[PDB]
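Read the structure below first, then the notes.
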Amino acid sequence: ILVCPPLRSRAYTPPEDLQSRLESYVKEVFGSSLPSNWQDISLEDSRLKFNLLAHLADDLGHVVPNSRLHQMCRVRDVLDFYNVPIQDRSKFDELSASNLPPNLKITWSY
Amino acid sequence: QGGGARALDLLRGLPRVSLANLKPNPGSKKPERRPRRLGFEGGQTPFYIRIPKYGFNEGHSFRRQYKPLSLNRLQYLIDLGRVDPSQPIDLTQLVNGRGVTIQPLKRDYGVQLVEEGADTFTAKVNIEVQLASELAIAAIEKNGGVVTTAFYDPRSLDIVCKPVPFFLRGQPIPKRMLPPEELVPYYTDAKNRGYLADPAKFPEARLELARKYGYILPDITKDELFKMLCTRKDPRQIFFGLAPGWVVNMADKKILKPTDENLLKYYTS
Amino acid sequence: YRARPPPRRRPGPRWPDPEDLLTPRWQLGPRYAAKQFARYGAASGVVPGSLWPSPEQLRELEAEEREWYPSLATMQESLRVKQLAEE
Amino acid sequence: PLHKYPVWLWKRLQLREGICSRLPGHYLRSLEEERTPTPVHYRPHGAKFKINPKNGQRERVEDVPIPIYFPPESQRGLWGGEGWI
Amino acid sequence: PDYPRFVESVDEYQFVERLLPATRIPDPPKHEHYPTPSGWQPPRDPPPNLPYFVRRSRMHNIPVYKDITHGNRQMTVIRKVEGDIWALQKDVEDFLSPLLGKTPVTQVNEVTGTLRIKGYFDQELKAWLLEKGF
Amino acid sequence: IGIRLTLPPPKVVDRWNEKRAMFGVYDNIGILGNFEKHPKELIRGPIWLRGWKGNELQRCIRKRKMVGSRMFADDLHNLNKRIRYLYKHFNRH
Amino acid sequence: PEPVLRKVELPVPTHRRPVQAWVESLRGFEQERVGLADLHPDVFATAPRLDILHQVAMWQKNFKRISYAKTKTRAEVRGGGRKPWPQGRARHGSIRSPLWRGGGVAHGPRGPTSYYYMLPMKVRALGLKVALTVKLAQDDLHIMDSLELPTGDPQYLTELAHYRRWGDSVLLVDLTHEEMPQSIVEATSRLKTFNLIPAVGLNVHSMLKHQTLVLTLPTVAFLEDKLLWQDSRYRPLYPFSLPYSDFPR
Ligand SMILES: [Mg+2]
Ligand SMILES: [Mg+2]
Ligand SMILES: [Mg+2]
């Protein structure tokens, strides 16, 4: 039988070594032909774009959604996207996580 | 720079579009109001009655109508590739290119070529129309083109304008009738380039137009497209290359011709 | 769920039962057979020879033509007579 | 609700049932035929088409027979198609 | 029973195919000299680099149309506008203000991508848009 | 008086029953199906009201024309009377 | 093995570029990012016209509506022909007057009543483009290479949608009814919110009803071909059902 893997958390925090980790991945997909201005490499080629984004999603675990795929024109655009943290906390947790004054009590009935 | 992409970008943040959050465009719906003989003046003779009768519209339904096709429109159609000047241009090609709209049920008898745009008309065409003005004919001839005026009857006009609907009826191609007695003079006159006019007179009439309007009558016989330019349909032929009596089988892509002597004599008569 | 098969126009010629009284008369005659051949051609099953008029129908056609559609010579001759009288 | 067949067709449906259906085919045809009687009390149009004098246009013309009433007495005699108008 | 004899000729069917119309609007043929005798000119290639783009109509014409309501409100409409429509409004205002002598009254419909201008400027706007390369 | 003293049985609508789940499917049969069929052919209902709309007078005239011969005597009599009534009403007589 | 890379078959306007979606697969839970597909910008990146969606949604709601409600007028209620005698007789004309209990309805429904109307063909086509564009812009559109499943069990498809965070309701669109894989047919036939339709059945109402839209790669090519045809077509000489030089194909 096939067992469904557990639901993945959507939380994402950019790794500190992201720029270095991307530079390596870019050298793999695009070779070492153009180290200068690596962030300006265009992603017009679908095959190269798939390999780069697919590698990042596999490693980092965070994938560019369909709505943003066309926006990844250059490698710099891909770098900007992965520099944005994502939070997967519920609204109740978000409200509780924010420091609440002693006289504010929030109860979640769901 | 981004106006379409900005709207789609805003969509990403907003809630999922669904049946629960739709609304009509403001101004498209007027709010309903809830309560919660004409021509009679009350005794005097109505205005529309006290006016005398005059035959303004008498016989309107039997008057012939012709859709005007200008040289501007014809040149514009050629420029955009919707009518091809390298082949004979007739009602079918004009209708197929959406250049003109013909309503046989509204007493349309074809297209009348009008001189508007003659100054800038540059195309060399072989065109068949129902009526043509003197200036319109001169504009076409001055460019080396050929213009001929031909008559289609209501039934023939309907078929020529929309061939495919006719072929689906399953009837043999009829032979188009001759013009009525009143029109016969127009279509047998070389000055109009009538399709029933003597071919020998044409050179004289063609030269007279060149003299009057001050251009040198070109020799189309020397033209490479001369064969196409002189292509014309028999007075009884609705379509080029198709004789009366033939049955078109679009499903099998075949044409059926009758071999009966009596039928052949009728269709060729 | 799974949607039911898309509605499709019934294929081929439809020959309504002639005996059935509810069969519309317009579907019975020859004008209907001719349209079934034009649309479906050989698959219609209509004998192509029926498409043209018969000797009886042809005789009536020619009779109608001569009565109301005079020849070119007749119209040209008639016009000359009228032109002379008016002049 | 609606009837399955038009009420005017009910008569023809009767001939398809029971004793009427068993009648000879040749006899049943005589009943089905609806030939037009020879014009007696009206003058028929000569041709299918005529030229309208008012507008000088060829228009289709149709012959409309006059309704003739035949009294029971006529059935005993021979009136040659004539009847009360 | 007896029926007139007939022959099946496939060769002549080519003439029937001439009679069949096309659903798709043909692409304009290439010309050696532009504009054409009727005045038509194709859109520039590559597209002009601007914050907005004005698409051609399905008939390859510039989508500038005269409009009138109430019998007296003459208006000009520019349709099929993409990108920053507000940038086009300022460009139209700068272009038409000398001719009128005042700022032209206009309406920007961002949803439909339509610019509505009071008064008839269809001919002037068509030539103005043609120069830009639309 | 005039108002129920108890709550009516709670309404339970199955939003995902087969009929609702497939509502609207094939409404684009023509645009997406080479125009072999028109969307109005999907419409089920009275033979005289398929892909056609009109006011009550127009509906009554249309119904009598298409199925008048098949109607029951009393129904046909009412329809004829209605048309005459509506003809005067809609023509401001 | 090899990335499935779909390119836009039809010409794209030179001033626009195609939008893109990930190509996924239903053969396994983690079989996302199996390819990258290009989508015609005029079909999947049109202006988000919510007003047009309302036009087409309401048209779908009401165009085939037939109301069978009917009441009886004072002329149709049983009896009531005479003028009631109680003391002249005229004071009341009939006992079936609307004012009388048991009388005719003065202004009631007079059905069957049709609500049929048709939006212009180009408007209905535009609605489909907007719905497709809205789904992609809101990350509710997933493109599949095929609808083939490892098994026909519905619990697999349910768990798969949950793992990929699709949503409570999913509309599955395949190219043709006849060639639908049996595995997906069996799974969706037992699911109320997971509905499988052919491409010809695509409509705005179903797309809005279902939170998630799943289209196969062949369906994308089919959709772009049909919807883009409206943009470049002539005005009709006669119905498109009749023969044309270039239609169909
Ligand atoms: Mg207007
Ligand atoms: Mg009564
Ligand atoms: Mg009652």
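All Cβ positions, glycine included, derive from the backbone under ideal geometry; neighbour counts span all protein chains shown. Read-outs: derived from the displayed coordinates by stated rules, not from any lab.
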Going through (1) within 17 Å of the chain's Cα centre (by Cα); (2) within 14 Å of chain C (Cβ to nearest Cβ) one by one, E:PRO63 fails only at (2)
What are the pairs, 6+ residues apart or on separate chains, where a residue within the stretch F:11-26 that is more than 18 Å from G:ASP174 (Cα to Cα) has its Cβ under 7 Å from a residue that is surrounded by 14 or more Cβ atoms within 10 Å (Cβ to Cβ) and not charged (D, E, K, R)? F:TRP16/G:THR193; F:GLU18/C:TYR1
Can you tell me which residue among E:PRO51, E:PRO37, E:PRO46 is surrounded by 13 or more Cβ atoms within 10 Å (Cβ to Cβ), closer than 29 Å to B:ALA5 by Cα and either more than 16 Å from ligand 1 (Cβ to nearest atom) or of a type outside the set (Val, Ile, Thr) (or both)? E:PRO51
State which residue is farthest from B:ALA5 (Cα to Cα) when the search covers only the stretch E:58-102 and only residues that are among the hydroxyl-bearing types (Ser, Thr, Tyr) and either buried (at least 17 other Cβ atoms within 10 Å of the Cβ) or within 16 Å of ligand 1 (Cβ to nearest atom) (or both). E:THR69
How do the helices (runs of 4 or more DSSP H) wholly within chain D filter down when requiring 1 or more residues that are away from chain F (no Cβ under 14 Å) and aliphatic (A, V, I, L, M): which remain? D:18-22, D:25-32
Limited to the stretch B:19-54, what total is found for residues that are of a type in the set (A, V, I, L, M, F, W, C) and farther than 30 Å from G:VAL56 by Cβ? 5
In the stretch E:103-113, which residues are more than 16 Å from ligand 1 (Cβ to nearest atom) and either under 21 Å from E:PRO47 (Cα atoms) or within 14 Å of another protein chain (Cβ to nearest Cβ) (or both)? E:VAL108, E:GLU110, E:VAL111, E:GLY113
Cβ-Cβ distance below 6 Å, separation of 6 or more or different chains: which pairs start in the stretch C:1-27 with a residue that is within 11 Å of another protein chain (Cβ to nearest Cβ) and end on one that is part of a loop (DSSP other than H, G, I, E, B) and loosely packed, with under 10 Cβ neighbours inside 10 Å? none
Assess whether G:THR158 counts as being closer than 20 Å to B:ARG6 by Cβ and crowded, with 16+ Cβ neighbours inside 10 Å. no
So for the stretch B:167-178 (the condition being among the β-branched types (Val, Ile, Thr), in contact with a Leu (Cβ under 7 Å, 6 or more places away or on another chain) and either surrounded by 14 or more Cβ atoms within 10 Å (Cβ to Cβ) or closer than 20 Å to E:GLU12 by Cα (or both)), does at least one residue qualify? yes
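In this structure, does C:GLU62 turn out to be under 29 Å from B:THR268 (Cβ atoms), charged (D, E, K, R) and within 14 Å of chain E (Cβ to nearest Cβ)? Don't jump to the end; show me each part of the working.
On the way: under 29 Å from B:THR268 (Cβ atoms): yes; charged (D, E, K, R): yes; within 14 Å of chain E (Cβ to nearest Cβ): no.
When the stated conditions are applied, C:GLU62 does not pass them.
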Enumeration of residues in the stretch F:68-82 that are within 7 Å of another protein chain (Cβ to nearest Cβ) and over 11 Å from D:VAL7 (Cα atoms): F:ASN78, F:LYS81
Which residue out of G:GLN60, G:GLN31 is away from ligand 2 (no atom under 16 Å from the Cβ) and in contact with a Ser or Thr (Cβ under 6 Å, 6 or more places away or on another chain)? G:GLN31
Residues of the stretch E:1-34 being touching a helix residue (DSSP H, G or I) at 6+ places or on another chain (Cβ under 9 Å) and either within 14 Å of chain C (Cβ to nearest Cβ) or closer than 30 Å to B:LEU264 by Cβ (or both), in sequence order, are E:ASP2, E:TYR3, E:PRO4, E:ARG5, E:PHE6, E:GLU8, E:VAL16, E:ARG18, E:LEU19, E:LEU20
If I filter the stretch G:61-80 for residues that are more than 14 Å from chain F (Cβ to nearest Cβ) and of a type in the set (S, T, N, Q), do I get at least one hit? no
Output the helices (runs of 4 or more DSSP H) that fall wholly within the stretch B:1-110 and possess 3 or more residues being surrounded by 13 or more Cβ atoms within 10 Å (Cβ to Cβ) and facing another protein chain (nearest Cβ under 9 Å), or say none. B:4-13, B:71-79, B:91-96
Which condition from (1) within 14 Å of chain F (Cβ to nearest Cβ); (2) β-branched (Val, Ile, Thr); (3) in a helix (DSSP H, G or I) is the one that G:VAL134 breaks? (1)
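Report the residue count in the stretch F:25-75 for those that are of a type in the set (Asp, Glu), within 30 Å of D:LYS11 (Cβ to Cβ) and in contact with a strand residue (DSSP E or B) (Cβ under 6 Å, 6 or more places away or on another chain).
0
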Name the pairs whose Cβ atoms lie under 9 Å apart, with the first residue in the stretch G:94-109 and in a loop (DSSP other than H, G, I, E, B), the second among the acidic types (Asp, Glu) and within 12 Å of ligand 3 (Cβ to nearest atom), and 6 or more positions between them or separate chains? G:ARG96/G:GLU76; G:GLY104/G:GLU76
Output yes when any residue across the stretch G:67-76 is in a strand (DSSP E or B), within 41 Å of the chain's Cα centre (by Cα) and away from ligand 2 (no atom under 16 Å from the Cβ), and no when none is. yes
